[PDB]
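> Quick one: this structure, given as structure tokens, is what I'll be asking you about.
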Amino acid sequence: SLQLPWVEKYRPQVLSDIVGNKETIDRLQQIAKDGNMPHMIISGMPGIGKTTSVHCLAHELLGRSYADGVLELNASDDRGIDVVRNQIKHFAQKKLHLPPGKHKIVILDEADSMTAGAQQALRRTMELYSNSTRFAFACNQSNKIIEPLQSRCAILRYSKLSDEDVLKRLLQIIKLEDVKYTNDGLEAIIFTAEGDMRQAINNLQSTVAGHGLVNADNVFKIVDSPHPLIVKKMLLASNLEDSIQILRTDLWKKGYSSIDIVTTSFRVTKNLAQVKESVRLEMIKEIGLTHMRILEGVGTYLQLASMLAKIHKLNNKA
Amino acid sequence: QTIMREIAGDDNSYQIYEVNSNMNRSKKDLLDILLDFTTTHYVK
Amino acid sequence: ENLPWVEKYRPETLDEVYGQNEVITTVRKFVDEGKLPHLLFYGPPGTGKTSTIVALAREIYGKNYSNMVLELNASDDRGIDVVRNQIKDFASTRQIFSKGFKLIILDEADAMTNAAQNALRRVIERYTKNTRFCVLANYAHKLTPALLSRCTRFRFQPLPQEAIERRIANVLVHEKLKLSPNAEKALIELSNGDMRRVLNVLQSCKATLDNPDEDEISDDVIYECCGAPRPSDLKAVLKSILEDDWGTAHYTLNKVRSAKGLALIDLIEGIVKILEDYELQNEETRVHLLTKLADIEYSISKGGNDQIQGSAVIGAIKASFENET
Amino acid sequence: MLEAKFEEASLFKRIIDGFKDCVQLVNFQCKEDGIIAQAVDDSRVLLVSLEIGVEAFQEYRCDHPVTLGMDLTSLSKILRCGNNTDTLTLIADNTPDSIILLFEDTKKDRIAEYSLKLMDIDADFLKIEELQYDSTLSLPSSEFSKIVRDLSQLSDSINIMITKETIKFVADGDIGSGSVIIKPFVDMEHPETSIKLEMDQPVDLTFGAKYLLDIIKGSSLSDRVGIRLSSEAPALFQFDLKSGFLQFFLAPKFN
Amino acid sequence: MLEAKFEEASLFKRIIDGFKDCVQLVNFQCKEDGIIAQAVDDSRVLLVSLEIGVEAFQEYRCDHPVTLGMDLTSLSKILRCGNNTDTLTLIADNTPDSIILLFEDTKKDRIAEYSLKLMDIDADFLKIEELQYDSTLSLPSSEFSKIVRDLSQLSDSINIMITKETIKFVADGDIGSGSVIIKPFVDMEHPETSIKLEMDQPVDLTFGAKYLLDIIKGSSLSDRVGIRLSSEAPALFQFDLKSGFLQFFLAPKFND
Ligand SMILES: Nc1ncnc2c1ncn2[C@@H]1O[C@H](COP(=O)(O)OP(=O)(O)OP(O)(O)=S)[C@@H](O)[C@H]1O
Ligand SMILES: Nc1ncnc2c1ncn2[C@@H]1O[C@H](COP(=O)(O)OP(=O)(O)OP(O)(O)=S)[C@@H](O)[C@H]1O
Ligand SMILES: [Mg+2]
Ligand SMILES: [Mg+2]
Numbered sequence: 006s007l008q009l010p011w012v013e014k015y016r017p018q019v020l021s022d023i024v025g026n027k028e029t030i031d032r033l034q035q036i037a038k039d040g041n042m043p044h045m046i047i048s049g050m051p052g053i054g055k056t057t058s059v060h061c062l063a064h065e066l067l068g069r070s071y072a073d074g075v076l077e078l079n080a081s082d083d084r085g086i087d088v089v090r091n092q093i094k095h096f097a098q099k100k101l102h103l104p105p106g107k108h109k110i111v112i113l114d115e116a117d118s119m120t121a122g123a124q125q126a127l128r129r130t131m132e133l134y135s136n137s138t139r140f141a142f143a144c145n146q147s148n149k150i151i152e153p154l155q156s157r158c159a160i161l162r163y164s165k166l167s168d169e170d171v172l173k174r175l176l177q178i179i180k181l182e183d184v185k186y187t188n189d190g191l192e193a194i195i196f197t198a199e200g201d202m203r204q205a206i207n208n209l210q211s212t213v214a215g216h217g218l219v220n221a222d223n224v225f226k227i228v229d230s231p232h233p234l235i236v237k238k239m240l241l242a243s244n245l246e247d248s249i250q251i252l253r254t255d256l257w258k259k260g261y262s263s264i265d266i267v268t269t270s271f272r273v274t275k276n277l278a279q280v281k282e283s284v285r286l287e288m289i290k291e292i293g294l295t296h297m298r299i300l301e302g303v304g305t306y307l308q309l310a311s312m313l314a315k316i317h318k319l320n321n322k323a
Numbered sequence: 348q349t350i351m352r353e354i355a356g357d358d359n360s361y362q363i364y365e366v367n368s369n370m371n372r373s374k375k376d377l378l379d380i381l382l383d384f385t386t387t388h389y390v391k
Numbered sequence: 011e012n013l014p015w016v017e018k019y020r021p022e023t024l025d026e027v028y029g030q031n032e033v034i035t036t037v038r039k040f041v042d043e044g045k046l047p048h049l050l051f052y053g054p055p056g057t058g059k060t061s062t063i064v065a066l067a068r069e070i071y072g073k074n075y076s077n078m079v080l081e082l083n084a085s086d087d088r089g090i091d092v093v094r095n096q097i098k099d100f101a102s103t104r105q106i107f108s109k110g111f112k113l114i115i116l117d118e119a120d121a122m123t124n125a126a127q128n129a130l131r132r133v134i135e136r137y138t139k140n141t142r143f144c145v146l147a148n149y150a151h152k153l154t155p156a157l158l159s160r161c162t163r164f165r166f167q168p169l170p171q172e173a174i175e176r177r178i179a180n181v182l183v184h185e186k187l188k189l190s191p192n193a194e195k196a197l198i199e200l201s202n203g204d205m206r207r208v209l210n211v212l213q214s215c216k217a218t219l220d221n222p223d224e225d226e227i228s229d230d231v232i233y234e235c236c237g238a239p240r241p242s243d244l245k246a247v248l249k250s251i252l253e254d255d256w257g258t259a260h261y262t263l264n265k266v267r268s269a270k271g272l273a274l275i276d277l278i279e280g281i282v283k284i285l286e287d288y289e290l291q292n293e294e295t296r297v298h299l300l301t302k303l304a305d306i307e308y309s310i311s312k313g314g315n316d317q318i319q320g321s322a323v324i325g326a327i328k329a330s331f332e333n334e335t
Numbered sequence: 001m002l003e004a005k006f007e008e009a010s011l012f013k014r015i016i017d018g019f020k021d022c023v024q025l026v027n028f029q030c031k032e033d034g035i036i037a038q039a040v041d042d043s044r045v046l047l048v049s050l051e052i053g054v055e056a057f058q059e060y061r062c063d064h065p066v067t068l069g070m071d072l073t074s075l076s077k078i079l080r081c082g083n084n085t086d087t088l089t090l091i092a093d094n095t096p097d098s099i100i101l102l103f104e105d106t107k108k109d110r111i112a113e114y115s116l117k118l119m120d121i122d123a124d125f126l127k128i129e130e131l132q133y134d135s136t137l138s139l140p141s142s143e144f145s146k147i148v149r150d151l152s153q154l155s156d157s158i159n160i161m162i163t164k165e166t167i168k169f170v171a172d173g174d175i176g177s178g179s180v181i182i183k184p185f186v187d188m189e190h191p192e193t194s195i196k197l198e199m200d201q202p203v204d205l206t207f208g209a210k211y212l213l214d215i216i217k218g219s220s221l222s223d224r225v226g227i228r229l230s231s232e233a234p235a236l237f238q239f240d241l242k243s244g245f246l247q248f249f250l251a252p253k254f255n
Numbered sequence: 001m002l003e004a005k006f007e008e009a010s011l012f013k014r015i016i017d018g019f020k021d022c023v024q025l026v027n028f029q030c031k032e033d034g035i036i037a038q039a040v041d042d043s044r045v046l047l048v049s050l051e052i053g054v055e056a057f058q059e060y061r062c063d064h065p066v067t068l069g070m071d072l073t074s075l076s077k078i079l080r081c082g083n084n085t086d087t088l089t090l091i092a093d094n095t096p097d098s099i100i101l102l103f104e105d106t107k108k109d110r111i112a113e114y115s116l117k118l119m120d121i122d123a124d125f126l127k128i129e130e131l132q133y134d135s136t137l138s139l140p141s142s143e144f145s146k147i148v149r150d151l152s153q154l155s156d157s158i159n160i161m162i163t164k165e166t167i168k169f170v171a172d173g174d175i176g177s178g179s180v181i182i183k184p185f186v187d188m189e190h191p192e193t194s195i196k197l198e199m200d201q202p203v204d205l206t207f208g209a210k211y212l213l214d215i216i217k218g219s220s221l222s223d224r225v226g227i228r229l230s231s232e233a234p235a236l237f238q239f240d241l242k243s244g245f246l247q248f249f250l251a252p253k254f255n256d
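Protein chains in written order, with PDB author numbering: chain B, 6 to 323; chain A, 348 to 391; chain C, 11 to 335; chain H, 1 to 255; chain G, 1 to 256.
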């Protein structure tokens with residue numbers, strides 16, 4: 006059949022389990038405890054726990070009335086002008102008896118995909134029925150929501166999860182799941198996560214399912230991305246012929262497109278520490294020039310070879 | 348609304364019919380309603 | 011019969027999918043175990059993603075495959091509306107079926123828009139219990155992280171020569187064809203991990219033959235059927251730049267480009283590839299050559315006059331390789 | 001808790017049908033003596049006041065007063081789900097969010113319960129005070145219904161002229177004019193078809209044709225219609241019921 | 001190879017009225033023992049099967065099996081022209097290209113002949129697998145039609161629960177809910193309105209409103225409808241006939 010993914014099997018059902026953004030999570034906990042939930046637009050990068058936060062807040066706020074007091078509208082559901090003018094308005098006008106302070110919650114998840122006219126129609130709906138219902142948006146980009154909607158909500162900008170919180174929750178999951186872990190493997194999981202917590206959990210699950218013990222090499226086998234050590238050796242080699250051979254064999258012939266190679270090189274160089282800050286920024290400038298040339302349309306092998314040549318000049322000389 | 352409150356002296360006295368964007372502001376949906384509201388007296 | 015060799019030599023089972031072996035082994039483990047999560051087969055075109063999913067779908071779903079599998083293509087004239095309509099209608103119907111896990115094969119999902127990808131992620135999340143998706147793409151940098159996190163990514167690498175040559179041997183004996191070793195090597199090095207290109211070039215070479223029974227296919231036949239620079243032409247241009255006069259080098263470059271219909275970008279790339287095989291006494295030679303040729307290629311892409319660009323190529327090569335001497 | 005049992009399920013259906021077209025949102029305020037309904041028009045012009053007595057129900061408990069705000073479209077839809085022989089039962093809990101309509105039967109075969117979700121409506125108590133209406137005319141409902149039904153096609157505004165104990169319906173247009181005049185009289189053979197008048201002062205008022213056509217949709221609960229017109233007060237079109245009344249409060253136009 | 005003669009003409013009109021909304025193309029299979037037909041809609045949710053035996057034929061001659069495709073819209077349009085006095089006669093030649101609809105009276109010489117072009121969709125899939133059902137129940141077609149058109153107004157999904165010695169229909173929607181429970185009884189005046197239920201295992205599964213309205217339009221064919229219910233299996237709604245039956249195979253919905 007199927008096994009429940011650790012992304013879903015270990016999803017926080019309470020607001021306290023959610024790590025990262027401690028101030029916002031604590032204030033949301035206080036709101037859920039007391040009540041009078043304001044209109045909010047929770048925004049940020051993918052995978053930091055926005056939708057989970059909204060659902061946990063709604064659950065804690067309502068309780069047994071969650072089924073008849075929360076209306077969720079994702080992108081799969083229709084959110085046109087007709088939907089806003091009929092379904093949301095009738096839900097707001099619905100008479101549900103809730104404990105004092107609690108209010109009905111209209112969770113409009115992925116509000117950045119909603120049309121502008123629907124957002125305009127939602128403004129009067131939330132302004133009129135705010136004494137019975139409260140709206141909660143969740144968008145990846147906060148600029149796609151119109152200013153009239155943003156002037157009636159408390160914008161929440163969730164930040165990228167730091168290495169400490171991801172490491173803490175990963176240690177929790179590894180401890181309740183009896184997973185053999187190594188420091189290098191966990192560090193690789195954090196590095197490949199890049200703040201995407203869902204990615205970290207998925208990578209841990211894949212590594213455990215495939216290669217058992219979580220070593221760094223095992224983690225770098227299920228990421229289908231250029232190996233950071235291979236890219237670092239390519240960039241930091243003192244012989245240009247070796248760097249060219251590495252780029253030709255381990256990256257170009259293996260099917261890694263120019264965008265992935267440039268992204269991995271940029272990430273490695275940004276994480277590099279033995280070189281000076283000025284050298285770091287100049288190599289980053291060369292990588293940016295190569296990425297620009299790729300975006301224009303010139304993403305051939307010769308551009309990456311010239312990038313390696315410039316980085317070699319910068320490292321060996323100066 | 349505040350001007351209405353000051354003019355009438357009471358919240359219940361003034362009757363402001365707000366035509367917001369959350370409804371269909373088309374001729375065949377609101378012309379008769381608005382004409383009847385602005386033509387006769389409110390029941391009070 | 012009168013069909014292209016692409017469809018005729020399709021892998022009808024998972025045992026005929028050569029080259030990609032990790033993906034096939036993982037997929038066979040998936041079907042034997044019964045755990046079939048949402049799949050994302052991505053990589054260079056012609057690697058065998060559609061072949062893999064079609065073979066697996068047939069192997070699992072026997073005869074009911076026609077009704078239990080819906081094969082989509084987002085590039086068609088549907089858009090987010092009709093695409094979503096079809097997916098929800100296929101996933102929520104729960105038709106009279108022998109078992110379950112209706113499979114939806116969405117081809118060309120890198121052309122799907124951001125809102126469409128988020129909607130597809132939501133639909134995948136809602137109907138996971140009865141419908142399994144195997145979204146297909148060619149580039150992973152055109153897919154949103156929302157869709158990337160709801161599917162088990164399986165990168166496809168360009169097929170290794172050991173495989174391409176095995177399929178060469180398989181097709182050749184069945185179609186009664188003869189490939190000379192130089193011609194076979196040229197085709198293998200020209201496909202660049204593209205089995206579809208191999209089949210198309212082979213069929214064109216069959217049609218080219220005056221007597222397609224016992225006439226061996228030569229190297230020149232493939233290099234002119236595919237439309238690629240011959241190694242001899244690029245080598246002649248390179249040696250003319252390296253050891254001849256400026257006027258003779260210009261004459262050779264212009265003559266080769268005009269006679270073979272070769273653009274300057276292909277000439278630069280082939281010259282770089284050939285010079286990679288050769289060793290240089292100095293390193294500044296390689297650095298300057300690579301940098302100058304990349305700049306020339308970038309300027310060629312934007313536009314200009316081709317005579318000055320060709321002269322710049324010749325001068326850059328000459329200066330770089332006089333640095334080593 | 002509310003437990004109101006109708007003798008016939010068609011009674012409440014007819015009562016709802018009497019005003020289901022003019023108004024959409026209605027407050028069903030319920031108290032010990034019975035059910036009192038009050039819905040104002042969406043144009044804020046005409047007010048529908050309905051009162052149902054205790055003697056209209058086979059059983060009626062109403063332990064504590066409760067307000068049942070309901071949408072008339074969905075309520076009419078759920079009401080149309082039954083037969084005349086059914087015994088409709090109105091069931092509502094304490095502080096209800098939904099109203100239960102239990103459709104029983106004389107013999108217990110199809111006991112079908114239907115639930116209707118309530119709506120949040122601002123209740124506005126607008127009972128009239130002691131008013132001395134200058135005119136009080138009562139005629140059979142079928143008569144008035146026929147006159148306005150055939151005479152609203154001539155003009156959008158209807159004038160019911162009353163002077164010297166004479167009823168006259170006026171609606172003037174460019175294509176033509178339509179006037180129907182009936183005099184008060186008492187008939188012993190059928191007193192229900194008689195015309196009565198208790199006029200005090202002359203009044204000549206004009207109201208909309210569409211709203212009178214909406215009013216006469218209530219000409220299915222009573223044989224007669226009670227009209228009380230005042231020169232400086234809204235009109236009162238009352239349909240006397242066996243236990244209460246369905247009175248329409250038509251408002252005058254701007255002078 | 002068909003000499004189909006019907007004693008009554010309007011019965012076939014109700015037969016095609018039952019077919020009308022569910023599907024638009026049926027390839028009829030005429031055999032020596034009668035006429036059979038099976039089709040599935042485009043969404044693969046509703047399967048319609050028709051069985052007509054020789055008992056509903058004044059005279060029948062179908063010595064060789066014939067595949068008959070015929071548009072039901074055109075047949076309905078032309079069959080609306082059939083009077084209550086005329087009788088239907090279906091005649092098909094060898095490898096038919098146009099089916100002939102014939103009407104003959106008894107007291108007056110009035111002949112009505114019509115021609116209908118066939119289809120060649122090349123689809124004759126006939127699959128039947130379920131021969132057992134956990135719950136078998138029968139009720140008047142008018143009653144079931146009343147219940148479904150009663151509950152389709154509130155929601156697009158109607159549940160048919162079979163709890164111990166009771167039948168329960170549940171439909172929960174946006175404007176409210178609705179629960180119509182009925183208990184079996186034996187009307188001693190006539191079994192035409194009696195409700196009969198066979199109970200082996202509890203049954204709980206939901207269907208679609210539009211599909212159910214598609215089945216219940218076959219209530220013109222017969223005054224009684226037989227409902228066969230079983231978990232994780234296609235439901236069956238038959239309309240009994242003198243020579244055969246018209247039953248519908250319907251796909252339930254997944255709730256999770
Ligand atoms: N801070 C966190 N603590 C614990 N689990 C987390 C945290 N952030 C994410 N997760 C987990 O990772 C997944 C994130 O799910 P969502 O919150 O729905 O993602 P998202 O933040 O809404 O971003 P999207 O879906 O790309 S718009 C869930 O399975 C969570 O259990
Ligand atoms: N690994 C393989 N083993 C055998 N045949 C292959 C393999 N990869 C590709 N082919 C053949 O090459 C062609 C590729 O067909 P497809 O799999 O449909 O293309 P694709 O790999 O899905 O990439 P596209 O361009 O996005 S459709 C077919 O004729 C296959 O028979
Ligand atoms: Mg989300
Ligand atoms: Mg394909």
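Positions of the beta carbon are idealized from the N, C-alpha and C atoms, including for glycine.
For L274(C) and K315(B), what's the separation of their Cα atoms in angstroms?
When rounded, the distance between both Cα atoms is 23 Å.
> List, from N- to C-terminal side, the alpha helix (DSSP H) runs of 4 residues or more that fit wholly inside the segment 171–206 of chain B.
Runs found: 188–198.
> What does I99(H) pair with, by DSSP beta-bridge criteria?
DSSP lists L116(H) as partners of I99(H).
> Is any non-hydrogen atom of ligand 1 found closer than 6 Å to the C-beta of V133(C), if you look at the structure I gave you?
Checking the Cβ of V133(C) against ligand 1 gives no.
> Closest Cβ-Cβ distance between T141(C) and chain G: below 7 Å?
Judged by the 7 Å Cβ criterion, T141(C) is not in contact with chain G.
> To the nearest angstrom, how far is the alpha carbon of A171(G) from that of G208(G)?
Looking at the two C-alpha atoms, the distance is approximately 10 Å.
> Mind checking whether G218(H) and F239(H) have CB atoms under 7 Å apart?
Yes.
> Going by DSSP in three states, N83(C) sits in which element: helix, strand or coil?
Looking at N83(C) - three-state DSSP - the assignment turns out to be strand.
> Express the C-alpha separation of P184(G) and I167(G) in angstroms, rounding to a whole number.
About 8 Å.
> For ligand 4, is there a heavy atom less than 6 Å away from the beta-carbon of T60(C)?
It does: the Cβ of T60(C) is within 6 Å (strictly closer) of some heavy atom of ligand 4.
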